[PDB]
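Novice: Sharing a structure, written as structure tokens. Questions coming.
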There are 2 protein chains.
Amino acid sequence: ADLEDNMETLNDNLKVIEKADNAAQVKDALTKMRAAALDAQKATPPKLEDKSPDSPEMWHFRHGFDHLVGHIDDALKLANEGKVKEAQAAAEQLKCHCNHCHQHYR
Amino acid sequence: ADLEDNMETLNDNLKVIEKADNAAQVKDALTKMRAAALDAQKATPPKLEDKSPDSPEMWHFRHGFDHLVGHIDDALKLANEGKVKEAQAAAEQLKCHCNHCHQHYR
Ligand code: HEC
Ligand code: HEC
Ligand SMILES: [Co+2]
Ligand SMILES: [Co+2]
């Protein structure tokens, strides 16, 4: 998988969670999102290839993935409690993370 | 001013930007929000009253204000460049910062 594949996995699984109505469905989708975010988390993206690894811009980009993963983890815990609607609300709140990183990068 | 005061300032001024009758109200509201966020960063939220100031919880709470201030500063720069519509568009995205911190700590 590459960055584009991981991003499509995140995109589609948000909608799977929206469409779902049970905890198993939400858990499975969040687990796939976690794997995609972890797969994309470590690579320096093309626009930052020439920046220092500890540069502010690279730091903020890496933290975007770290924080996204943290909130996926929190949503997964809600699904594992059987709290379907709370997990779905947490998943919808992930969109803020998506848009924030995209707005910085583009 | 206390944390409740700071949050009222943030709420009122975010809505001012959305409803701004003229462009100059946007910069004025962003300026007040910036100060409210830096004041709030010096408070302890009720749900974290029993936690160490070095807890992961207090660290993430304080950091949320630094990140909010960074995006307020980006919007202020747009306003100061005369790009007030772009600044108003940027201000609407600030709601993600409010929602993220609230889901943890409000
Ligand atoms: C940075 C820390 C990111 C986070 C968090 C998320 N995405 Fe992303 N996304 C990122 C990059 C570097 C790119 C490629 C360059 C570009 O500007 O497109 C993308 C791209 C996408 C795409 C494809 C283009 C598009 O239609 O927007 C999608 C569909 C996408 N990203 C989805 C997505 C979602 C749903 C996220 C949150 C769950 C998300 N991304 C987080 C960088 C980052
Ligand atoms: C953490 C980093 C926060 C950010 C960013 C924002 N808010 Fe907040 N808010 C936070 C806490 C911990 C609390 C609870 C305070 C309490 O004493 O109970 C709040 C509360 C509010 C409220 C309600 C205030 C009240 O009198 O009960 C409002 C209206 C509010 N917050 C608004 C608000 C807005 C609009 C923000 C973004 C611009 C925002 N807050 C950011 C913590 C944090
Ligand atoms: Co968080
Ligand atoms: Co940012």
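Residue numbering restarts at 1 for every chain of the structure tokens, chains are lettered A, B, ... in their displayed order, and ligands are numbered from 1 as they appear.
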Can I get the residues close to ligand 4 as a list in words, where close means within 9 Å and we count only C-alpha atoms and all ligand atoms?

Specialist: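 Listing the residues within 9 Å of ligand 4 gives residues 60, 61, 64, 100, 101, 103 and 104 of chain A; 67, 68, 70 and 71 of chain B.
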
Novice: Write the residues of the preceding selection, restricted to N, CA and C atoms, as a PDB file, in the first residue's frame.

Specialist:
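Listing of part_14.pdb after writing:
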ATOM      1  N   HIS A  60       4.851  18.892  12.617  1.00  0.00           N
ATOM      2  CA  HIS A  60       3.402  19.051  12.671  1.00  0.00           C
ATOM      3  C   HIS A  60       2.704  17.989  11.828  1.00  0.00           C
ATOM      4  N   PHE A  61       3.301  17.617  10.695  1.00  0.00           N
ATOM      5  CA  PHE A  61       2.714  16.599   9.828  1.00  0.00           C
ATOM      6  C   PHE A  61       2.716  15.241  10.518  1.00  0.00           C
ATOM      7  N   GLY A  64       0.155  15.096  13.135  1.00  0.00           N
ATOM      8  CA  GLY A  64      -1.178  14.909  12.605  1.00  0.00           C
ATOM      9  C   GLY A  64      -1.549  13.444  12.551  1.00  0.00           C
ATOM     10  N   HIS A 100      -7.621  19.231   8.615  1.00  0.00           N
ATOM     11  CA  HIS A 100      -6.546  20.059   9.143  1.00  0.00           C
ATOM     12  C   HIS A 100      -5.220  19.725   8.476  1.00  0.00           C
ATOM     13  N   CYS A 101      -4.908  18.438   8.343  1.00  0.00           N
ATOM     14  CA  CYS A 101      -3.652  18.088   7.692  1.00  0.00           C
ATOM     15  C   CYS A 101      -3.666  18.464   6.214  1.00  0.00           C
ATOM     16  N   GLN A 103      -5.252  20.869   4.759  1.00  0.00           N
ATOM     17  CA  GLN A 103      -5.170  22.315   4.585  1.00  0.00           C
ATOM     18  C   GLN A 103      -3.749  22.822   4.780  1.00  0.00           C
ATOM     19  N   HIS A 104      -2.994  22.213   5.702  1.00  0.00           N
ATOM     20  CA  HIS A 104      -1.581  22.551   5.860  1.00  0.00           C
ATOM     21  C   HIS A 104      -0.770  22.094   4.651  1.00  0.00           C
TER      22      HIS A 104
ATOM     23  N   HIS B  67      -2.030  25.254  19.732  1.00  0.00           N
ATOM     24  CA  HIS B  67      -2.393  24.968  18.355  1.00  0.00           C
ATOM     25  C   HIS B  67      -3.522  25.881  17.880  1.00  0.00           C
ATOM     26  N   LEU B  68      -4.531  26.111  18.727  1.00  0.00           N
ATOM     27  CA  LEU B  68      -5.588  27.066  18.388  1.00  0.00           C
ATOM     28  C   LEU B  68      -5.005  28.444  18.107  1.00  0.00           C
ATOM     29  N   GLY B  70      -2.007  29.180  17.042  1.00  0.00           N
ATOM     30  CA  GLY B  70      -1.337  29.146  15.748  1.00  0.00           C
ATOM     31  C   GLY B  70      -2.301  29.366  14.600  1.00  0.00           C
ATOM     32  N   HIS B  71      -3.451  28.703  14.648  1.00  0.00           N
ATOM     33  CA  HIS B  71      -4.425  28.880  13.579  1.00  0.00           C
ATOM     34  C   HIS B  71      -5.134  30.223  13.665  1.00  0.00           C
TER      35      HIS B  71
END

Novice: Quick check: residues of chain A within 10 Å of chain B, only C-alpha atoms, returned as a count of residues only.

Specialist: 10

Novice: List as a ChimeraX atom specification the protein and nucleic acid residues lying within 10 Å of ligand 2, with only C-alpha atoms and all ligand atoms counted.

Specialist: /B:2-15,30,33-34,36-38,40-41,43-48,58-69,72,91-106

Novice: Mind writing the picked residues with C-alpha atoms as a PDB file, in the first residue's frame?

Specialist:
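Heads up, here's the output in result-v9.pdb:
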ATOM      1  CA  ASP B   2     -11.648  32.656  34.612  1.00  0.00           C
ATOM      2  CA  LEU B   3     -11.958  29.679  32.287  1.00  0.00           C
ATOM      3  CA  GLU B   4     -15.732  30.139  31.974  1.00  0.00           C
ATOM      4  CA  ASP B   5     -15.158  33.791  31.029  1.00  0.00           C
ATOM      5  CA  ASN B   6     -12.521  32.820  28.460  1.00  0.00           C
ATOM      6  CA  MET B   7     -14.870  30.261  26.913  1.00  0.00           C
ATOM      7  CA  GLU B   8     -17.667  32.815  26.647  1.00  0.00           C
ATOM      8  CA  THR B   9     -15.225  35.149  24.879  1.00  0.00           C
ATOM      9  CA  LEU B  10     -14.226  32.376  22.476  1.00  0.00           C
ATOM     10  CA  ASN B  11     -17.860  31.453  21.774  1.00  0.00           C
ATOM     11  CA  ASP B  12     -19.119  35.008  21.294  1.00  0.00           C
ATOM     12  CA  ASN B  13     -16.217  36.034  19.073  1.00  0.00           C
ATOM     13  CA  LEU B  14     -16.351  32.927  16.880  1.00  0.00           C
ATOM     14  CA  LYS B  15     -19.988  33.791  16.199  1.00  0.00           C
ATOM     15  CA  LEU B  30      -9.727  37.054  16.260  1.00  0.00           C
ATOM     16  CA  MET B  33     -10.029  35.010  20.826  1.00  0.00           C
ATOM     17  CA  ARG B  34      -6.234  34.855  20.810  1.00  0.00           C
ATOM     18  CA  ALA B  36      -8.849  34.313  25.639  1.00  0.00           C
ATOM     19  CA  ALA B  37      -7.071  31.158  24.471  1.00  0.00           C
ATOM     20  CA  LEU B  38      -3.782  32.164  26.095  1.00  0.00           C
ATOM     21  CA  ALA B  40      -7.497  29.692  29.308  1.00  0.00           C
ATOM     22  CA  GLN B  41      -4.200  27.842  28.871  1.00  0.00           C
ATOM     23  CA  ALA B  43      -6.409  27.369  33.989  1.00  0.00           C
ATOM     24  CA  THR B  44      -7.238  23.905  35.297  1.00  0.00           C
ATOM     25  CA  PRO B  45     -10.429  22.447  33.834  1.00  0.00           C
ATOM     26  CA  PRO B  46     -12.825  20.925  36.404  1.00  0.00           C
ATOM     27  CA  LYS B  47     -12.565  17.423  34.936  1.00  0.00           C
ATOM     28  CA  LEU B  48      -8.753  17.549  35.397  1.00  0.00           C
ATOM     29  CA  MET B  58      -2.938  18.663  31.300  1.00  0.00           C
ATOM     30  CA  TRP B  59      -0.236  18.555  28.612  1.00  0.00           C
ATOM     31  CA  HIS B  60      -2.765  17.887  25.864  1.00  0.00           C
ATOM     32  CA  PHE B  61      -5.106  20.546  27.302  1.00  0.00           C
ATOM     33  CA  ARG B  62      -2.403  23.227  27.258  1.00  0.00           C
ATOM     34  CA  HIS B  63      -1.188  22.175  23.821  1.00  0.00           C
ATOM     35  CA  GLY B  64      -4.678  22.550  22.395  1.00  0.00           C
ATOM     36  CA  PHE B  65      -4.493  26.262  23.129  1.00  0.00           C
ATOM     37  CA  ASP B  66      -1.095  26.642  21.488  1.00  0.00           C
ATOM     38  CA  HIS B  67      -2.393  24.968  18.355  1.00  0.00           C
ATOM     39  CA  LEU B  68      -5.588  27.066  18.388  1.00  0.00           C
ATOM     40  CA  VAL B  69      -3.447  30.210  18.737  1.00  0.00           C
ATOM     41  CA  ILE B  72      -5.804  32.145  14.969  1.00  0.00           C
ATOM     42  CA  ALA B  91     -12.103  31.155  11.284  1.00  0.00           C
ATOM     43  CA  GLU B  92     -14.919  28.693  10.604  1.00  0.00           C
ATOM     44  CA  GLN B  93     -12.344  25.869  10.707  1.00  0.00           C
ATOM     45  CA  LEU B  94     -11.403  26.927  14.240  1.00  0.00           C
ATOM     46  CA  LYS B  95     -14.517  25.102  15.461  1.00  0.00           C
ATOM     47  CA  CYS B  96     -12.597  21.833  15.098  1.00  0.00           C
ATOM     48  CA  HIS B  97     -10.217  23.024  17.827  1.00  0.00           C
ATOM     49  CA  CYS B  98     -13.125  23.785  20.164  1.00  0.00           C
ATOM     50  CA  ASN B  99     -14.781  20.451  19.491  1.00  0.00           C
ATOM     51  CA  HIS B 100     -11.602  18.401  19.878  1.00  0.00           C
ATOM     52  CA  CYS B 101     -10.680  19.843  23.263  1.00  0.00           C
ATOM     53  CA  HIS B 102     -14.257  19.673  24.499  1.00  0.00           C
ATOM     54  CA  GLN B 103     -14.627  16.015  23.629  1.00  0.00           C
ATOM     55  CA  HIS B 104     -11.605  15.315  25.875  1.00  0.00           C
ATOM     56  CA  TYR B 105     -12.122  17.758  28.732  1.00  0.00           C
ATOM     57  CA  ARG B 106     -15.401  19.748  28.744  1.00  0.00           C
TER      58      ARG B 106
END

Novice: Which residues in stretch 33-81 of chain A does DSSP call alpha helix (DSSP H)? List them as a ChimeraX atom specification.

Specialist: /A:33-40,56-80

Novice: Using only N, CA, C and O atoms, please write the residues we just selected to a file, as a compact mmCIF listing (two decimals), in the first residue's frame.

Specialist:
# COMPACT_ATOMS: atom_id res chain seq x y z
N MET A 33 -9.15 1.53 9.57
CA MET A 33 -8.65 2.90 9.55
C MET A 33 -7.35 3.00 10.32
O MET A 33 -6.42 3.69 9.89
N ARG A 34 -7.29 2.35 11.48
CA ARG A 34 -6.07 2.39 12.26
C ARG A 34 -4.89 1.83 11.46
O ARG A 34 -3.80 2.42 11.45
N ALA A 35 -5.10 0.71 10.76
CA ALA A 35 -4.03 0.10 9.99
C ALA A 35 -3.57 1.03 8.87
O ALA A 35 -2.37 1.14 8.60
N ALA A 36 -4.51 1.70 8.21
CA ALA A 36 -4.15 2.61 7.14
C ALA A 36 -3.39 3.82 7.67
O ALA A 36 -2.39 4.24 7.07
N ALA A 37 -3.83 4.38 8.80
CA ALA A 37 -3.14 5.52 9.38
C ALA A 37 -1.74 5.14 9.84
O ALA A 37 -0.79 5.92 9.66
N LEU A 38 -1.59 3.96 10.43
CA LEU A 38 -0.27 3.50 10.85
C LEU A 38 0.64 3.27 9.65
O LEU A 38 1.85 3.52 9.74
N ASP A 39 0.08 2.80 8.54
CA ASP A 39 0.88 2.53 7.35
C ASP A 39 1.42 3.83 6.77
O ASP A 39 2.56 3.88 6.30
N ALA A 40 0.62 4.89 6.81
CA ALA A 40 0.99 6.20 6.27
C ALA A 40 1.77 7.06 7.26
O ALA A 40 2.35 8.07 6.84
N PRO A 56 9.83 22.29 12.01
CA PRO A 56 8.45 22.47 12.50
C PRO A 56 7.40 21.88 11.58
O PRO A 56 6.42 21.29 12.05
N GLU A 57 7.58 22.00 10.26
CA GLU A 57 6.54 21.55 9.36
C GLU A 57 6.45 20.03 9.33
O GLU A 57 5.35 19.46 9.35
N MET A 58 7.60 19.35 9.31
CA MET A 58 7.59 17.90 9.38
C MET A 58 7.06 17.41 10.72
O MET A 58 6.31 16.42 10.78
N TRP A 59 7.43 18.08 11.81
CA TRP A 59 6.93 17.73 13.13
C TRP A 59 5.41 17.82 13.16
O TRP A 59 4.74 16.91 13.67
N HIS A 60 4.85 18.89 12.62
CA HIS A 60 3.40 19.05 12.67
C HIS A 60 2.70 17.99 11.83
O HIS A 60 1.64 17.48 12.21
N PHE A 61 3.30 17.62 10.69
CA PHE A 61 2.71 16.60 9.83
C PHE A 61 2.72 15.24 10.52
O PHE A 61 1.70 14.54 10.56
N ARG A 62 3.86 14.86 11.09
CA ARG A 62 3.92 13.60 11.82
C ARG A 62 2.94 13.59 12.98
O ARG A 62 2.26 12.58 13.22
N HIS A 63 2.83 14.70 13.72
CA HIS A 63 1.88 14.73 14.82
C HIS A 63 0.45 14.60 14.33
O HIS A 63 -0.40 14.06 15.05
N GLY A 64 0.16 15.10 13.14
CA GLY A 64 -1.18 14.91 12.60
C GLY A 64 -1.55 13.44 12.55
O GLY A 64 -2.66 13.06 12.93
N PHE A 65 -0.62 12.60 12.10
CA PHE A 65 -0.91 11.18 12.05
C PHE A 65 -0.97 10.58 13.44
O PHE A 65 -1.84 9.76 13.73
N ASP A 66 -0.03 10.95 14.32
CA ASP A 66 -0.04 10.43 15.69
C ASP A 66 -1.37 10.73 16.37
O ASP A 66 -1.96 9.88 17.03
N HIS A 67 -1.84 11.97 16.22
CA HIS A 67 -3.08 12.37 16.89
C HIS A 67 -4.30 11.71 16.26
O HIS A 67 -5.25 11.33 16.96
N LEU A 68 -4.30 11.57 14.93
CA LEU A 68 -5.35 10.82 14.27
C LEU A 68 -5.41 9.39 14.80
O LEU A 68 -6.49 8.88 15.13
N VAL A 69 -4.25 8.74 14.92
CA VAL A 69 -4.23 7.37 15.43
C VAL A 69 -4.77 7.32 16.85
O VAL A 69 -5.55 6.42 17.20
N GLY A 70 -4.38 8.28 17.69
CA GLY A 70 -4.91 8.31 19.04
C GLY A 70 -6.42 8.39 19.09
O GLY A 70 -7.06 7.68 19.86
N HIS A 71 -7.01 9.22 18.24
CA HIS A 71 -8.46 9.34 18.27
C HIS A 71 -9.17 8.15 17.62
O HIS A 71 -10.28 7.80 18.03
N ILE A 72 -8.53 7.49 16.65
CA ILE A 72 -9.05 6.21 16.19
C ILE A 72 -9.02 5.20 17.32
O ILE A 72 -9.99 4.47 17.54
N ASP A 73 -7.91 5.15 18.07
CA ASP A 73 -7.83 4.24 19.21
C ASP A 73 -8.93 4.52 20.22
O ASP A 73 -9.54 3.58 20.76
N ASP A 74 -9.20 5.79 20.51
CA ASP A 74 -10.25 6.11 21.47
C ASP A 74 -11.61 5.68 20.95
O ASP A 74 -12.45 5.16 21.71
N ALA A 75 -11.86 5.88 19.66
CA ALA A 75 -13.14 5.47 19.09
C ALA A 75 -13.28 3.96 19.13
O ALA A 75 -14.38 3.43 19.36
N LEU A 76 -12.18 3.24 18.89
CA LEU A 76 -12.21 1.79 18.94
C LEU A 76 -12.59 1.31 20.34
O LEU A 76 -13.36 0.35 20.49
N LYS A 77 -12.07 1.97 21.37
CA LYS A 77 -12.44 1.58 22.73
C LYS A 77 -13.93 1.74 22.96
O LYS A 77 -14.56 0.89 23.59
N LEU A 78 -14.52 2.81 22.43
CA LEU A 78 -15.97 2.99 22.55
C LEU A 78 -16.71 1.85 21.86
O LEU A 78 -17.69 1.32 22.40
N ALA A 79 -16.28 1.47 20.65
CA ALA A 79 -16.93 0.36 19.97
C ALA A 79 -16.79 -0.93 20.77
O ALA A 79 -17.73 -1.73 20.84
N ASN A 80 -15.63 -1.13 21.41
CA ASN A 80 -15.41 -2.34 22.20
C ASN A 80 -16.24 -2.37 23.47
O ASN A 80 -16.41 -3.45 24.07

Novice: Find the residues near residue A:85: any atom within 10 Å, counting only C-alpha atoms, skip ones fewer than 3 places away on the same chain, and give them as a PyMOL selection string.

Specialist: chain A and resi 17-18+20-23+26+78-79+82+88-91

Novice: Do you have the atom CA of residue B:16-atom CA of residue B:84 distance handy?

Specialist: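 That distance, rounded to one decimal, is 13.6 Å.
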
Novice: In Å, with one decimal, what is the gap from atom 1 (C, counted along the ligand's line) of ligand 1 to atom CA of residue A:29?

Specialist: 19.4 Å

Novice: How many Å lie between atom 6 (C, counted along the ligand's line) of ligand 1 and atom CA of residue B:55, rounded to one decimal?

Specialist: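 So the two atoms, atom 6 (C, counted along the ligand's line) of ligand 1 and atom CA of residue B:55, lie 27.2 Å apart.
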